[PDB]
$ cat entry_37.pdb   # PDB, C-alpha atoms
ATOM      1  CA  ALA A   2    -117.647-150.525 147.245  1.00  0.00           C
ATOM      2  CA  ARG A   3    -115.215-149.138 149.807  1.00  0.00           C
ATOM      3  CA  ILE A   4    -115.430-145.367 149.559  1.00  0.00           C
ATOM      4  CA  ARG A   5    -112.678-142.857 150.358  1.00  0.00           C
ATOM      5  CA  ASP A   6    -112.204-139.109 150.043  1.00  0.00           C
ATOM      6  CA  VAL A   7    -108.846-137.358 150.369  1.00  0.00           C
ATOM      7  CA  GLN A   8    -107.199-134.077 149.333  1.00  0.00           C
ATOM      8  CA  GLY A   9    -104.676-134.563 146.542  1.00  0.00           C
ATOM      9  CA  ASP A  10    -103.334-134.388 143.004  1.00  0.00           C
ATOM     10  CA  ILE A  11    -105.180-137.097 141.104  1.00  0.00           C
ATOM     11  CA  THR A  12    -102.308-137.458 138.610  1.00  0.00           C
ATOM     12  CA  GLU A  13    -100.236-138.914 141.466  1.00  0.00           C
ATOM     13  CA  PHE A  14    -102.757-141.615 142.379  1.00  0.00           C
ATOM     14  CA  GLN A  15    -100.895-144.922 142.772  1.00  0.00           C
ATOM     15  CA  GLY A  16    -103.842-147.265 142.121  1.00  0.00           C
ATOM     16  CA  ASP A  17    -105.334-148.943 139.063  1.00  0.00           C
ATOM     17  CA  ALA A  18    -107.170-146.108 137.316  1.00  0.00           C
ATOM     18  CA  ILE A  19    -108.443-142.562 137.337  1.00  0.00           C
ATOM     19  CA  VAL A  20    -111.915-141.608 136.204  1.00  0.00           C
ATOM     20  CA  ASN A  21    -111.769-138.390 134.161  1.00  0.00           C
ATOM     21  CA  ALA A  22    -114.949-136.336 133.840  1.00  0.00           C
ATOM     22  CA  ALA A  23    -115.107-135.887 130.059  1.00  0.00           C
ATOM     23  CA  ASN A  24    -116.955-134.252 127.202  1.00  0.00           C
ATOM     24  CA  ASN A  25    -118.537-136.649 124.750  1.00  0.00           C
ATOM     25  CA  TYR A  26    -115.899-135.692 122.136  1.00  0.00           C
ATOM     26  CA  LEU A  27    -113.215-137.122 124.478  1.00  0.00           C
ATOM     27  CA  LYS A  28    -111.080-133.974 124.108  1.00  0.00           C
ATOM     28  CA  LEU A  29    -108.849-133.402 127.130  1.00  0.00           C
ATOM     29  CA  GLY A  30    -109.169-129.724 128.017  1.00  0.00           C
ATOM     30  CA  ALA A  31    -108.260-127.334 130.817  1.00  0.00           C
ATOM     31  CA  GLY A  32    -107.279-127.862 134.440  1.00  0.00           C
ATOM     32  CA  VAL A  33    -107.106-131.371 135.828  1.00  0.00           C
ATOM     33  CA  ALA A  34    -107.854-132.778 132.356  1.00  0.00           C
ATOM     34  CA  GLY A  35    -104.847-130.799 131.130  1.00  0.00           C
ATOM     35  CA  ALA A  36    -102.650-132.173 133.926  1.00  0.00           C
ATOM     36  CA  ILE A  37    -103.647-135.706 132.890  1.00  0.00           C
ATOM     37  CA  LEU A  38    -102.768-134.843 129.282  1.00  0.00           C
ATOM     38  CA  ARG A  39     -99.430-133.248 130.182  1.00  0.00           C
ATOM     39  CA  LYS A  40     -98.221-135.833 132.695  1.00  0.00           C
ATOM     40  CA  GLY A  41     -99.685-138.807 130.802  1.00  0.00           C
ATOM     41  CA  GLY A  42     -98.397-137.640 127.411  1.00  0.00           C
ATOM     42  CA  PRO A  43     -99.904-137.508 123.886  1.00  0.00           C
ATOM     43  CA  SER A  44    -100.765-141.244 123.797  1.00  0.00           C
ATOM     44  CA  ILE A  45    -103.856-140.582 125.954  1.00  0.00           C
ATOM     45  CA  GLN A  46    -105.420-138.034 123.585  1.00  0.00           C
ATOM     46  CA  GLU A  47    -104.350-140.205 120.644  1.00  0.00           C
ATOM     47  CA  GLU A  48    -106.316-143.226 121.924  1.00  0.00           C
ATOM     48  CA  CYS A  49    -109.246-140.919 122.701  1.00  0.00           C
ATOM     49  CA  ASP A  50    -109.124-139.718 119.099  1.00  0.00           C
ATOM     50  CA  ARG A  51    -109.110-143.297 117.806  1.00  0.00           C
ATOM     51  CA  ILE A  52    -112.117-144.194 119.940  1.00  0.00           C
ATOM     52  CA  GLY A  53    -113.932-141.095 118.708  1.00  0.00           C
ATOM     53  CA  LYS A  54    -117.133-139.367 119.825  1.00  0.00           C
ATOM     54  CA  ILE A  55    -119.162-141.315 122.380  1.00  0.00           C
ATOM     55  CA  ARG A  56    -122.606-140.713 123.855  1.00  0.00           C
ATOM     56  CA  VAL A  57    -123.080-138.544 126.925  1.00  0.00           C
ATOM     57  CA  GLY A  58    -123.459-140.830 129.929  1.00  0.00           C
ATOM     58  CA  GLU A  59    -121.160-143.505 128.526  1.00  0.00           C
ATOM     59  CA  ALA A  60    -117.529-144.158 129.399  1.00  0.00           C
ATOM     60  CA  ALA A  61    -114.416-145.032 127.422  1.00  0.00           C
ATOM     61  CA  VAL A  62    -111.201-146.630 128.619  1.00  0.00           C
ATOM     62  CA  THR A  63    -107.741-145.660 127.456  1.00  0.00           C
ATOM     63  CA  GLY A  64    -104.206-146.294 128.610  1.00  0.00           C
ATOM     64  CA  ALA A  65    -102.730-143.765 131.028  1.00  0.00           C
ATOM     65  CA  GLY A  66     -99.411-143.143 129.278  1.00  0.00           C
ATOM     66  CA  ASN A  67     -96.735-141.966 131.710  1.00  0.00           C
ATOM     67  CA  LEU A  68     -99.189-141.660 134.644  1.00  0.00           C
ATOM     68  CA  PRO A  69     -98.703-143.972 137.653  1.00  0.00           C
ATOM     69  CA  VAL A  70    -102.108-145.612 137.000  1.00  0.00           C
ATOM     70  CA  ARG A  71    -102.900-148.323 134.410  1.00  0.00           C
ATOM     71  CA  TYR A  72    -106.004-146.810 132.795  1.00  0.00           C
ATOM     72  CA  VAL A  73    -107.924-143.615 132.409  1.00  0.00           C
ATOM     73  CA  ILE A  74    -111.658-144.096 132.328  1.00  0.00           C
ATOM     74  CA  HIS A  75    -113.284-141.145 130.588  1.00  0.00           C
ATOM     75  CA  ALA A  76    -116.850-140.661 131.761  1.00  0.00           C
ATOM     76  CA  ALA A  77    -118.718-138.340 129.404  1.00  0.00           C
ATOM     77  CA  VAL A  78    -120.832-135.991 131.522  1.00  0.00           C
ATOM     78  CA  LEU A  79    -121.359-133.228 128.990  1.00  0.00           C
ATOM     79  CA  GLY A  80    -122.012-132.801 125.297  1.00  0.00           C
ATOM     80  CA  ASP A  81    -124.814-130.979 123.531  1.00  0.00           C
ATOM     81  CA  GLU A  82    -126.775-130.880 126.805  1.00  0.00           C
ATOM     82  CA  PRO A  83    -128.928-130.078 129.075  1.00  0.00           C
ATOM     83  CA  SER A  85    -128.155-133.223 134.063  1.00  0.00           C
ATOM     84  CA  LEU A  86    -128.369-135.166 137.331  1.00  0.00           C
ATOM     85  CA  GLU A  87    -129.546-138.162 135.325  1.00  0.00           C
ATOM     86  CA  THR A  88    -126.401-137.690 133.210  1.00  0.00           C
ATOM     87  CA  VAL A  89    -124.027-137.694 136.174  1.00  0.00           C
ATOM     88  CA  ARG A  90    -125.689-140.901 137.394  1.00  0.00           C
ATOM     89  CA  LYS A  91    -125.232-142.579 133.992  1.00  0.00           C
ATOM     90  CA  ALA A  92    -121.578-141.558 133.567  1.00  0.00           C
ATOM     91  CA  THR A  93    -120.813-142.661 137.127  1.00  0.00           C
ATOM     92  CA  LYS A  94    -122.592-145.998 136.549  1.00  0.00           C
ATOM     93  CA  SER A  95    -120.753-146.519 133.253  1.00  0.00           C
ATOM     94  CA  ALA A  96    -117.353-145.644 134.691  1.00  0.00           C
ATOM     95  CA  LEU A  97    -117.834-148.118 137.540  1.00  0.00           C
ATOM     96  CA  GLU A  98    -118.878-150.797 135.027  1.00  0.00           C
ATOM     97  CA  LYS A  99    -115.556-150.366 133.195  1.00  0.00           C
ATOM     98  CA  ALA A 100    -113.716-150.777 136.490  1.00  0.00           C
ATOM     99  CA  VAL A 101    -115.549-154.090 137.128  1.00  0.00           C
ATOM    100  CA  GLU A 102    -115.039-155.403 133.569  1.00  0.00           C
ATOM    101  CA  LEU A 103    -111.328-154.636 133.821  1.00  0.00           C
ATOM    102  CA  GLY A 104    -111.158-156.297 137.244  1.00  0.00           C
ATOM    103  CA  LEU A 105    -109.723-153.262 139.052  1.00  0.00           C
ATOM    104  CA  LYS A 106    -109.265-153.082 142.829  1.00  0.00           C
ATOM    105  CA  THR A 107    -108.719-149.324 143.163  1.00  0.00           C
ATOM    106  CA  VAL A 108    -109.940-146.255 141.264  1.00  0.00           C
ATOM    107  CA  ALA A 109    -109.846-142.500 141.869  1.00  0.00           C
ATOM    108  CA  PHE A 110    -112.501-140.038 140.707  1.00  0.00           C
ATOM    109  CA  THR A 111    -111.743-136.476 139.761  1.00  0.00           C
ATOM    110  CA  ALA A 112    -113.859-134.654 142.348  1.00  0.00           C
ATOM    111  CA  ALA A 115    -116.503-130.805 136.663  1.00  0.00           C
ATOM    112  CA  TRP A 116    -119.077-133.478 137.477  1.00  0.00           C
ATOM    113  CA  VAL A 117    -121.263-130.642 138.752  1.00  0.00           C
ATOM    114  CA  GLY A 118    -122.042-128.919 135.430  1.00  0.00           C
ATOM    115  CA  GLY A 119    -124.016-126.015 136.875  1.00  0.00           C
ATOM    116  CA  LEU A 120    -126.162-128.418 138.857  1.00  0.00           C
ATOM    117  CA  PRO A 121    -126.446-128.230 142.656  1.00  0.00           C
ATOM    118  CA  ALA A 122    -123.159-129.657 143.995  1.00  0.00           C
ATOM    119  CA  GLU A 123    -124.743-131.334 147.008  1.00  0.00           C
ATOM    120  CA  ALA A 124    -127.234-133.020 144.680  1.00  0.00           C
ATOM    121  CA  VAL A 125    -124.345-134.209 142.479  1.00  0.00           C
ATOM    122  CA  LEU A 126    -122.401-135.644 145.451  1.00  0.00           C
ATOM    123  CA  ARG A 127    -125.537-137.540 146.505  1.00  0.00           C
ATOM    124  CA  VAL A 128    -126.234-139.113 143.124  1.00  0.00           C
ATOM    125  CA  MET A 129    -122.613-140.145 142.630  1.00  0.00           C
ATOM    126  CA  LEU A 130    -122.486-141.696 146.093  1.00  0.00           C
ATOM    127  CA  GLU A 131    -125.610-143.702 145.267  1.00  0.00           C
ATOM    128  CA  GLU A 132    -123.989-145.281 142.189  1.00  0.00           C
ATOM    129  CA  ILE A 133    -120.654-145.803 143.903  1.00  0.00           C
ATOM    130  CA  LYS A 134    -122.347-147.706 146.719  1.00  0.00           C
ATOM    131  CA  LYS A 135    -123.774-150.188 144.179  1.00  0.00           C
ATOM    132  CA  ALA A 136    -120.244-151.027 142.988  1.00  0.00           C
ATOM    133  CA  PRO A 137    -118.689-154.247 144.414  1.00  0.00           C
ATOM    134  CA  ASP A 138    -116.856-154.284 147.764  1.00  0.00           C
ATOM    135  CA  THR A 139    -113.841-155.678 145.885  1.00  0.00           C
ATOM    136  CA  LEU A 140    -113.516-152.127 144.542  1.00  0.00           C
ATOM    137  CA  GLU A 141    -112.151-149.170 146.502  1.00  0.00           C
ATOM    138  CA  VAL A 142    -113.229-145.789 145.092  1.00  0.00           C
ATOM    139  CA  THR A 143    -111.321-142.684 146.138  1.00  0.00           C
ATOM    140  CA  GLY A 144    -112.675-139.200 145.514  1.00  0.00           C
ATOM    141  CA  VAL A 145    -109.530-137.066 145.114  1.00  0.00           C
ATOM    142  CA  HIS A 146    -110.096-133.419 145.935  1.00  0.00           C
ATOM    143  CA  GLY A 147    -108.046-130.321 145.077  1.00  0.00           C
ATOM    144  CA  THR A 148    -108.966-128.743 148.408  1.00  0.00           C
ATOM    145  CA  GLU A 149    -109.471-130.120 151.904  1.00  0.00           C
ATOM    146  CA  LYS A 150    -112.735-128.149 151.918  1.00  0.00           C
ATOM    147  CA  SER A 151    -113.991-130.117 148.938  1.00  0.00           C
ATOM    148  CA  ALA A 152    -112.903-133.373 150.627  1.00  0.00           C
ATOM    149  CA  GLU A 153    -114.821-132.495 153.799  1.00  0.00           C
ATOM    150  CA  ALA A 154    -117.996-131.797 151.835  1.00  0.00           C
ATOM    151  CA  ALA A 155    -117.841-135.324 150.371  1.00  0.00           C
ATOM    152  CA  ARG A 156    -117.271-136.833 153.818  1.00  0.00           C
ATOM    153  CA  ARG A 157    -120.294-134.988 155.226  1.00  0.00           C
ATOM    154  CA  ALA A 158    -122.547-136.270 152.429  1.00  0.00           C
ATOM    155  CA  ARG A 159    -121.505-139.858 153.177  1.00  0.00           C
ATOM    156  CA  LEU A 160    -122.551-139.325 156.757  1.00  0.00           C
ATOM    157  CA  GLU A 161    -125.941-137.722 156.292  1.00  0.00           C
ATOM    158  CA  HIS A 162    -127.124-139.915 154.671  1.00  0.00           C
TER     159      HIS A 162
END
$ encode --input "entry_37.pdb" --output "structure tokens"
Amino acid sequence: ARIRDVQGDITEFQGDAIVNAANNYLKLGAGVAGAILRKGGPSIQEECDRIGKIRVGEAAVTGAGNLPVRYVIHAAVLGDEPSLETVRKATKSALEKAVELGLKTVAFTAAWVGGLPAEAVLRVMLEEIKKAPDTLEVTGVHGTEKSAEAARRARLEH
């Protein structure tokens, strides 16, 4: 996969889909998830409700309502807990949806951490992203330029 990292508002991404780091209940909550809910509109939560509870590590696809993307891929990274193995699974699953749907571009919400070491999380996600096809471009979208630079450094290390 082609891998990018930029500073930005993920709700303004102009590509095929955004990957939303989710709870297994698929309830859109605070922060970025709340931006997606507000800008996208109620239809997103409504489809999430219809899909229902999923397993941690799995992903679910909904429409994106009024957002400038076509889909939101909800990757469930937390539920009734305790995981680095969980981030890997949710990342793998989200990328599988992107392939199945035949997407060319997706953005990840840079929440995936979950009290785990952030550098460790960046590393495991990069590993799964690299296994995705080169027909797919994956953009990590970061709230801060500092967060963006941390992702760039991890891709270098490596």
$ resolve_selection --input "entry_37.pdb" --expression "the PyMOL selection byres ((chain A and resi 48) around 12)" --output "list in words"
residues 27, 28, 29, 38, 41, 42, 43, 44, 45, 46, 47, 49, 50, 51, 52, 53, 54, 61, 62, 63, 64, 65, 66, 72, 73, 74 and 75 of chain A
$ resolve_selection --input "entry_37.pdb" --expression "the PyMOL selection byres ((chain A and resi 138) around 7)" --output "PDB file with C-alpha atoms, in the frame of the given file"
ATOM      1  CA  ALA A   2    -117.647-150.525 147.245  1.00  0.00           C
ATOM      2  CA  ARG A   3    -115.215-149.138 149.807  1.00  0.00           C
ATOM      3  CA  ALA A 136    -120.244-151.027 142.988  1.00  0.00           C
ATOM      4  CA  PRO A 137    -118.689-154.247 144.414  1.00  0.00           C
ATOM      5  CA  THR A 139    -113.841-155.678 145.885  1.00  0.00           C
ATOM      6  CA  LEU A 140    -113.516-152.127 144.542  1.00  0.00           C
TER       7      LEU A 140
END
$ resolve_selection --input "entry_37.pdb" --expression "the PyMOL selection byres ((chain A and resi 106) around 12)" --output "PyMOL selection string"
chain A and resi 2-4+15-19+70-71+97+99-105+107-109+136-143
$ write_last_selection --input "entry_37.pdb" --atoms "C-alpha atoms" --output "tab-separated table (two decimals), keeping the file's coordinate frame"
chain	number	residue	atom	x	y	z
A	2	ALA	CA	-117.65	-150.52	147.24
A	3	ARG	CA	-115.22	-149.14	149.81
A	4	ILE	CA	-115.43	-145.37	149.56
A	15	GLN	CA	-100.90	-144.92	142.77
A	16	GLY	CA	-103.84	-147.26	142.12
A	17	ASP	CA	-105.33	-148.94	139.06
A	18	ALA	CA	-107.17	-146.11	137.32
A	19	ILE	CA	-108.44	-142.56	137.34
A	70	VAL	CA	-102.11	-145.61	137.00
A	71	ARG	CA	-102.90	-148.32	134.41
A	97	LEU	CA	-117.83	-148.12	137.54
A	99	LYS	CA	-115.56	-150.37	133.20
A	100	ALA	CA	-113.72	-150.78	136.49
A	101	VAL	CA	-115.55	-154.09	137.13
A	102	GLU	CA	-115.04	-155.40	133.57
A	103	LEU	CA	-111.33	-154.64	133.82
A	104	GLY	CA	-111.16	-156.30	137.24
A	105	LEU	CA	-109.72	-153.26	139.05
A	107	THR	CA	-108.72	-149.32	143.16
A	108	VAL	CA	-109.94	-146.26	141.26
A	109	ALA	CA	-109.85	-142.50	141.87
A	136	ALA	CA	-120.24	-151.03	142.99
A	137	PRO	CA	-118.69	-154.25	144.41
A	138	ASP	CA	-116.86	-154.28	147.76
A	139	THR	CA	-113.84	-155.68	145.88
A	140	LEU	CA	-113.52	-152.13	144.54
A	141	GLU	CA	-112.15	-149.17	146.50
A	142	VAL	CA	-113.23	-145.79	145.09
A	143	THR	CA	-111.32	-142.68	146.14
$ closest_residue --input "entry_37.pdb" --among "A:57, A:11, A:68, A:154" --to "residue 39 in chain A" --atoms "all atoms listed in the file"
A:68
$ axis_aligned_box --input "entry_37.pdb" --around "range 117-132 of chain A" --padding-each-side "6 Å" --output "JSON"
{"center_x": -124.2, "center_y": -135.6, "center_z": 141.2, "size_x": 18.0, "size_y": 31.3, "size_z": 23.6}
$ atom_distance --input "entry_37.pdb" --atom1 "CA of residue 13 in chain A" --atom2 "CA of residue 95 in chain A"
23.4 Å
$ closest_residue --input "entry_37.pdb" --among "A:110, A:34, A:90, A:77" --to "residue 135 in chain A" --atoms "only C-alpha atoms"
A:90
$ closest_residue --input "entry_37.pdb" --among "A:40, A:162, A:23, A:30" --to "residue 60 in chain A" --atoms "only C-alpha atoms"
A:23
$ atom_distance --input "entry_37.pdb" --atom1 "CA of residue 8 in chain A" --atom2 "CA of residue 151 in chain A"
7.9 Å
$ closest_residue --input "entry_37.pdb" --among "A:56, A:128, A:146, A:158" --to "residue 7 in chain A" --atoms "only C-alpha atoms"
A:146
